[PDB]
Ligand SMILES: NC(=O)c1ccc[n+]([C@@H]2O[C@H](COP(=O)([O-])OP(=O)(O)OC[C@H]3O[C@@H](n4cnc5c(N)ncnc54)[C@H](O)[C@@H]3O)[C@@H](O)[C@H]2O)c1
Ligand SMILES: NC(=O)c1ccc[n+]([C@@H]2O[C@H](COP(=O)([O-])OP(=O)(O)OC[C@H]3O[C@@H](n4cnc5c(N)ncnc54)[C@H](O)[C@@H]3O)[C@@H](O)[C@H]2O)c1
Ligand SMILES: [Zn+2]
Ligand SMILES: [Zn+2]
Ligand SMILES: [Zn+2]
Ligand SMILES: [Zn+2]
C-alpha cells in the first residue's frame with residue numbers, strides 16, 4: 001500500500017499572495033524519524049488561513065495552508081510512540097514538545113518549537129515534505145491540513161477518541177479550543193461577570209460558549225455584521241451591538257451599556273484598532289482584556305499606557321492557552337460526553353475541492369465555519 | 001486652639017510648571033462635613049510630585065502637591081466617624097469610598113472617587129481649602145501633603161497605629177506600598193522566579209523588597225545610573241545592569257540572562273520605551289509585566305501586539321493594587337512587627353522648608369527617599 005512511498009494527492013497550493021488556492025497534485029513524501037503522515041478527513045476553514053492569502057500573517061509561499069483539522073494516521077515514521085496507523089488524530093498548529101521551559105511551565109502552552117512567531121514553513125528538521133511542479137512546497141504552522149495527505153512532527157499531533165466524529169471535532173484543532181480557552185483558560189471568566197466579545201465568527205462564538213460555560217451573567221457580542229448576531233445569541237450572547245449603527249465611538253456605547261466597563265473583553269477579529277477598543281472597554285481598575293485575533297504583519301498598535309496603570313489586565317494567547325497535545329484529546333472526550341457543542345459553528349460542509357468557495361463564503365461574511373471533507 | 005478656624009501656616013505652592021515650590025504662607029480652611037484636617041509630621045518626596053513640576057503628570061495649578069505622608073488629626077468635620085483628633089493618619093492619594101464599583105470589587109483598588117485620571121485638583125465637593133495671596137490654591141490627589149496642614153476628605157485618610165514612627169511610615173503612603181504591592185499583589189511573584197525590575201528608585205527598590213519577599217530566586221535590577229546598584233543589591237537585587245553598558249538593546253540581554261525571558265518584569269520609571277522593553281524581557285508565553293511608572297501626559301506608546309498574542313500578560317496599578325484605607329493600617333502594623341524594612345529607602349532627611357533641595361537631590365540622582373520633617 002501507500003506506506004513507505006511518496007503519495008501523490010490533491011492539495012490546495014497557495015502560490016502567490018491574494019490569489020486563489022490551486023487544487024493540484026503534490027508529492028507527499030513519507031514520514032521520516034518521529035514524523036506522522038495523516039490522511040485528512042475533515043479540515044475547517046479558519047480565518048488565519050485566509051490571513052496568509054491577504055498577507056496579514058506572513059509565512060513562506062508557496063505553501064499548503066490549513067491547520068484546523070482531524071484525520072487518521074496513514075503511516076508513522078521511525079520512533080513514533082504516541083500514534084499508530086489507523087489512529088484518528090488532530091494536527092496541532094501549536095506543538096507540545098514537553099521538553100522546553102514553556103512546556104514544563106504549568107501555565108504556558110506556546111511551545112518554542114512553534115513556527116508561528118518566526119515562520120520557516122518546514123518540519124522540525126527544517127525541510128519540506130511537499131513537492132509540486134518540481135518546486136518544494138512549504139508547510140503552514142507545522143500542519144498543512146489543506147491536502148488529502150500531510151506529514152507533521154510527532155509533537156504536533158494528538159490521538160483522539162476512536163469513535164470521534166472527525167467532521168465535527170476538527171474544529172477543536174483551532175477555532176473552538178481557541179475561543180473556549182481564551183474564555184475559561186486565559187481570561188478565566190467568572191460567575192456573574194459581564195463580557196464583550198469583538199468579532200463573532202468561529203472563534204468569537206467559541207469565546208461566547210466559554211463565557212457562558214463560566215457563568216458570565218452578561219455577554220455582549222460586537223460585530224459590524226448583524227447577520228452574526230442571531231447565532232452569537234444562540235450560543236450565549238445576551239445582546240449584540242453593531243458599531244456602525246450608532247454615531248459615537250463604540251467604547252462610549254459599551255462603557256454606557258456595561259456602566260463603566262465590562263469585566264472581560266475579547267478581541268477576536270485581528271485589527272489593531274479593535275484591540276485597543278477591547279482593552280478600553282474592560283473596567284479600568286480591574287478589567288481583563290484578551291487578544292485572540294491575529295494582528296496584521298509588522299504592525300504596531302498605539303495605545304495610552306494609563307489604560308494599564310489604572311488597573312487593567314491585557315492578555316493574548318495561542319490555542320486558548322491550551323497545551324495542545326495534552327488538551328486536544330481531552331477536549332474531544334469532553335465533546336463525546338457532550339459538555340460543549342461544535343454544531344453551531346458548522347454552517348457549510350463542502351468538498352475539499354470547493355475550498356475556494358468556502359473561502360469566498362468566509363470573505364462574504366455568510367459563513368462561520370466551512371468544513372471541507374476529503 | 002485652631003480647631004474650628006482658619007489656620008495660617010506654610011506650604012509648598014507650585015504656581016507654574018518647571019518652577020520651584022514657593023514656600024509661602026497659605027490659609028487652610030477648617031474641615032467641612034465629612035472632611036479631616038491633618039497636621040503634617042513628615043512627607044516623602046516622590047517622583048510623581050516632580051512630574052507635576054515638569055508637567056509629565058497633569059493636575060490644575062497653582063497647586064500644593066505632596067501625597068506620600070503621615071501626620072496627626074487636628075480636627076474632623078461633621079459626620080466623620082473613622083478618625084478622631086489626635087490620631088496618627090496617612091493620607092491616601094487613592095481613595096476608598098467603599099461604595100463605588102471598584103471598591104466593592106474583591107481585587108480592585110483604583111476607586112472611582114480618585115483624582116488621578118481626571119484631575120479636578122480639589123476636594124470631593126469640588127471646592128478648595130487653600131488660600132494663598134488671596135488666590136485659591138489647588139489640591140493634589142486630594143492629599144496635598146506639602147503643607148504643614150492640609151484638609152483631606154474622609155475617604156482619603158486612614159488611621160494608623162498610635163505608635164507608628166510617622167517619619168518612616170510615611171513611605172507606606174505611596175513609595176513602598178506601591179512597589180511592594182506591585183510585586184506581591186499585582187504581579188504575585190512566585191517562589192523561585194526570576195524578576196527584572198526597571199528603575200531603582202524608592203518605588204523600584206520596594207518592588208525588589210516584594211520579589212525578595214515573594215521568594216523570587218533572581219532579581220535583575222535595571223538602571224542607567226550605576227550608583228543605584230549598591231542599595232538594590234542590599235534590598236534584594238541578585239544583579240543589576242546598566243543598559244548603557246550594552247551595544248544591544250537591554251531586553252535582549254535580559255532574555256539571554258533569564259534563558260528565554262523573565263517570569264515577572266516591572267517598569268518603575270515612567271517611560272514609554274522602557275515599558276515596552278520590560279514587557280518584551282519577560283517570557284513571551286507566560287511572562288507578566290507590571291507597569292508602575294507614570295507616563296508623560298497624553299502620550300501613547302507603539303507596541304507589537306504579538307508580544308501579547310504569544311501569551312504575555314501586561315498590567316498596571318496605582319498604589320500597588322492595595323485598597324488604600326484597608327491595607328494602609330495593616331501595612332503599618334506589619335512594619336510594627338518588623339515585617340519589612342522602610343529604612344533602606346530613606347537616604348536624606350530635610351526640614352519641610354528645604355523642600356527644593358530635596359527635589360534637587362532627586363533630580364541629580366543623589367537620593368531615593370528624602371523625608372521632609374515639619
Ligand atoms: N490566537 C489563536 O490561537 C487564534 C486561533 C483562531 C483564530 N484566531 C484569529 O482570530 C480572528 C478571528 O477568527 P475567526 O475564525 O473567528 O474569524 P471570522 O472572520 O470568522 O470572524 C471575525 C469577525 O469579526 C468581525 N469584524 C470585523 N471587523 C470588525 C469590526 N471592525 N468591528 C466589529 N467586528 C468586526 C467580522 O464580521 C467577523 O464576524 C482572526 O484574526 C484569526 O486569525 C487566532
Ligand atoms: N503607580 C503608582 O501608584 C506609583 C507610585 C509611586 C511612584 N510611581 C512612579 O514610578 C516612577 C518612579 O518612581 P520613584 O519614586 O522610584 O522615582 P526615582 O526617580 O527615584 O526612580 C527612577 C529611577 O529610574 C532610573 N532611570 C531613569 N531612566 C532610566 C532608563 N531610561 N533606564 C533605566 N533606568 C532609568 C533613574 O535613574 C532612577 O534611579 C515615577 O514615574 C513615579 O511617578 C507610581
Ligand atoms: Zn515545548
Ligand atoms: Zn486558527
Ligand atoms: Zn470607591
Ligand atoms: Zn507616589
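Protein chains in written order, with PDB author numbering: chain B, 1 to 374; chain A, 1 to 374. The C-beta atom is built at its ideal place from N, Cα and C for all residues, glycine as well.
*asked:* To the nearest angstrom, how far is the alpha carbon of residue 217 (chain A) from that of residue 69 (chain A)?
replied: Here the question's residue 217 (chain A) lines up with position 217 in the second chain. Here the question's residue 69 (chain A) lines up with position 69 in the second chain. Each residue's Cα considered, the two are about 32 Å apart.
*Counting contacts by CB-CB distance shorter than 8 Å, is residue 363 (chain A) in contact with chain B?*
Here residue 363 (chain A) corresponds to residue number 363 of the second chain, with the count starting at 1. Residue 363 (chain A) does not count as touching chain B.
*Measure the beta-carbon distance from residue 151 (chain B) to residue 31 (chain B) and round it to whole angstroms, keeping in mind my assumption that it falls under 8 Å.*
Here residue 151 (chain B) is taken as the residue at index 151 of the first chain, counted from 1. Here residue 31 (chain B) is taken as the residue at index 31 of the first chain, counted from 1. 5 Å between Cβ atoms; contact.
*Can residue 160 (chain B) and residue 349 (chain B) be called in contact, C-beta distance under 8 Å?*
As a first step, residue 160 (chain B) must be located in the first chain, where it is residue number 160. As a first step, residue 349 (chain B) must be located in the first chain, where it is residue number 349. No, these two residues do not count as a Cβ contact at 8 Å.
*Quick one: which chain B residues come within Cβ less than 9 Å of residue 265 (chain A)?*
In the second chain, counting from the first residue as 1, residue 265 (chain A) sits at position 265. Simply none; closest approach about 13 Å.
*Coil, strand or helix - residue 182 (chain A) by DSSP*: Indexing the second chain from 1 puts residue 182 (chain A) at position 182. Residue state, collapsed to three classes: helix.
_Would you say the beta carbon of residue 323 (chain B) is closer than 7 Å to some non-hydrogen atom of ligand 3?_
As a first step, residue 323 (chain B) must be located in the first chain, where it is residue number 323. Every heavy atom of ligand 3 is 7 Å or more from the Cβ of residue 323 (chain B), so no.
*Give me the Cα-Cα distance between residue 1 (chain A) and residue 199 (chain A), rounded to the nearest whole angstrom.*
Translated into the one-based positions of the second chain, residue 1 (chain A) becomes position 1. Translated into the one-based positions of the second chain, residue 199 (chain A) becomes position 199. In a straight line, the C-alpha of residue 1 (chain A) is about 46 Å away from that of residue 199 (chain A).
*Taking residue 101 (chain B) as part of the alpha helix (DSSP H), name the residues at either end of that continuous run.*
Taking the first chain and counting its residues from 1, one reaches residue 101 (chain B) at position 101. Where residue 101 (chain B) is concerned, the enclosing alpha helix (DSSP H) stretches over 101–104.
*asked:* Quick check: what's the CA-CA separation for residue 146 (chain A) versus residue 140 (chain A)?
replied: Your numbering for residue 146 (chain A) matches position 146 in the second chain. Your numbering for residue 140 (chain A) matches position 140 in the second chain. Their Cα atoms are separated by approximately 9 Å.
*Report yes or no: is there a C-beta of chain A within less than 8 Å of the C-beta of residue 313 (chain B)?*
On the first chain, position 313 is the one that residue 313 (chain B) refers to. At least one chain A Cβ lies under 8 Å of residue 313 (chain B).
*Reduced DSSP category for residue 17 (chain B) - H, G, I as helix; E, B as strand; rest coil*: Counting from 1 along the first chain, the entry for residue 17 (chain B) is found at position 17. DSSP places residue 17 (chain B) in coil when its eight states are reduced to three.
_One question on the structure: do residue 41 (chain A) and residue 166 (chain A) come within less than 8 Å of each other, judged by their Cβ atoms?_
Mapped onto the second chain, residue 41 (chain A) falls at position 41. Mapped onto the second chain, residue 166 (chain A) falls at position 166. Taking 8 Å as the Cβ cut-off, residue 41 (chain A) and residue 166 (chain A) qualify as a contacting pair.
*Along the segment 98–109 of chain B, what residues have a CB closer than 8 Å to any CB found in chain A?*
101, 102, 105, 107, 108, 109
*Output the distance between the C-alpha atoms of residue 201 (chain A) and residue 320 (chain A), rounded to the nearest integer angstrom.*
Stepping through the second chain from its first residue, residue 201 (chain A) is reached at position 201. Stepping through the second chain from its first residue, residue 320 (chain A) is reached at position 320. Spanning the two alpha carbons is a distance of roughly 15 Å.
*Members of the segment 314–327 of chain B that neighbour chain A once the beta carbon cut-off is set at 8 Å*: Per Cβ criterion, the list reads 314, 315, 316, 317, 318, 321.
*Starting from the C-beta of residue 131 (chain B), find all residues in its chain whose C-beta is less than 6 Å away, skip the five residues before and the five after it, and write them out in chain order.*
Along the first chain, one-based indexing puts residue 131 (chain B) at 131. Once the five neighbours on either side are set aside, the close Cβ partners of residue 131 (chain B) are 27.
_For residue 343 (chain B), which residues in the same chain have their Cβ closer than 8 Å to its Cβ, ignoring the five residues on either side in sequence?_
Here the question's residue 343 (chain B) lines up with position 343 in the first chain. If we look at residue 343 (chain B) and ignore the five residues flanking it on each side, its Cβ neighbours are 168.
*residue 363 (chain A): which of A:10, A:105, A:49 sits nearest, CA to CA?*
As a first step, residue 363 (chain A) must be located in the second chain, where it is residue number 363. For residue 363 (chain A), the nearest C-alpha among the options comes from A:49.
_Given 7 Å as the limit, tell me if residue 348 (chain B) has its C-beta closer than that to any heavy atom belonging to ligand 1._
Locating residue 348 (chain B) in the first chain gives position 348, counting from the first residue. Outside the cutoff, so no.
*DSSP state of residue 51 (chain A), grouped into three classes?*
As a position in the second chain, residue 51 (chain A) is number 51, starting the count at 1. It is helical.
*asked:* So if I threshold CB-CB distances at 7 Å, which residues from the segment 286–308 of chain B count as touching chain A?
replied: 286, 291, 294, 295, 300, 301, 302, 303, 304, 305, 306, 308
_Determine whether the beta carbon atoms of residue 144 (chain B) and residue 136 (chain B) lie at a separation below 8 Å._
Translated into positions along the first chain, residue 144 (chain B) becomes position 144. Translated into positions along the first chain, residue 136 (chain B) becomes position 136. The answer is no: Cβ separation not under 8 Å.
*Do residue 268 (chain B) and residue 292 (chain B) come within 8 Å of each other at the CB atom, strictly closer than that value?*
Mapped onto the first chain, residue 292 (chain B) falls at position 292. Mapped onto the first chain, residue 268 (chain B) falls at position 268. Their beta carbons are under 8 Å apart, which means residue 292 (chain B) touches residue 268 (chain B) by this criterion.
*Note down the Cα distance separating residue 324 (chain A) from residue 73 (chain A), rounded to an integer number of angstroms.*
Mapped onto the second chain, residue 324 (chain A) falls at position 324. Mapped onto the second chain, residue 73 (chain A) falls at position 73. Straight-line Cα distance between these residues: approximately 18 Å.
*Does any C-beta atom of chain B lie closer than 8 Å to the C-beta of residue 260 (chain A)?*
Here residue 260 (chain A) refers to the residue found at position 260 when the second chain is read from its first residue. Taking Cβ atoms only, chain B reaches closer than 8 Å to residue 260 (chain A), which makes this a yes.
*Only counting runs of 3 or more residues, tell me where the beta strand (DSSP E) segments fall wholly within the segment 300–337 of chain B, in order along the chain.*
301–303, 313–316
*asked:* Using a Cβ distance threshold of 8 Å, determine whether the segment 217–228 of chain B contacts the segment 237–246 of chain B, with at least three qualifying pairs required.
replied: yes
*Checking contacts by CB at 8 Å: is residue 272 (chain B) closer than that to chain A?*
Start at 1 with the first residue of the first chain, and residue 272 (chain B) comes out as number 272. Yes, residue 272 (chain B) lies at the interface with chain A (some Cβ there is under 8 Å from its Cβ).
*asked:* According to DSSP, simplified to helix, strand and coil, what is residue 272 (chain A)?
replied: Locating residue 272 (chain A) in the second chain gives position 272, where the first residue counts as 1. Residue 272 (chain A) carries a helical assignment under DSSP once its states are collapsed to helix, strand and coil.
*asked:* Tell me which residue opens and which closes the alpha helix (DSSP H) that residue 129 (chain A) is part of.
replied: Looking up residue 129 (chain A) in the second chain gives position 129. It is not in any alpha helix (DSSP H) - residue 129 (chain A) carries neither H nor E in the DSSP assignment.
_residue 304 (chain A) beta carbon near ligand 1 (any heavy atom closer than 7 Å)_ = In the second chain, counting from the first residue as 1, residue 304 (chain A) sits at position 304. Checking the Cβ of residue 304 (chain A) against ligand 1 gives no.
*Should residue 153 (chain B) go down as buried or exposed, given a rule of 16 or more other Cβ atoms within 10 Å for buried?*
Here residue 153 (chain B) is taken as the residue at index 153 of the first chain, counted from 1. With 16 or more other Cβ atoms within 10 Å, it is buried.
*Just to check, is the beta-carbon of residue 266 (chain B) closer than 7 Å to a non-hydrogen atom of ligand 1?*
Counting from one through the first chain, the residue named residue 266 (chain B) turns up at place 266. No; taking the cut-off as 7 Å, the Cβ of residue 266 (chain B) has no heavy atom of ligand 1 nearer than that.
_Once the 5 residues before and after residue 369 (chain B) are set aside, which same chain residues still bring their CB inside 7 Å of it?_
As a first step, residue 369 (chain B) must be located in the first chain, where it is residue number 369. The answer, listed in chain order, is 44, 45, 171, 175, 202, 345, 346, 347.
*Are three or more beta carbon pairs between the segment 230–237 of chain A and the segment 253–261 of chain A nearer than 8 Å?*
The count of Cβ pairs closer than 8 Å, one atom from the segment 230–237 of chain A and one from the segment 253–261 of chain A, stays below three, leaving the stretches out of contact.
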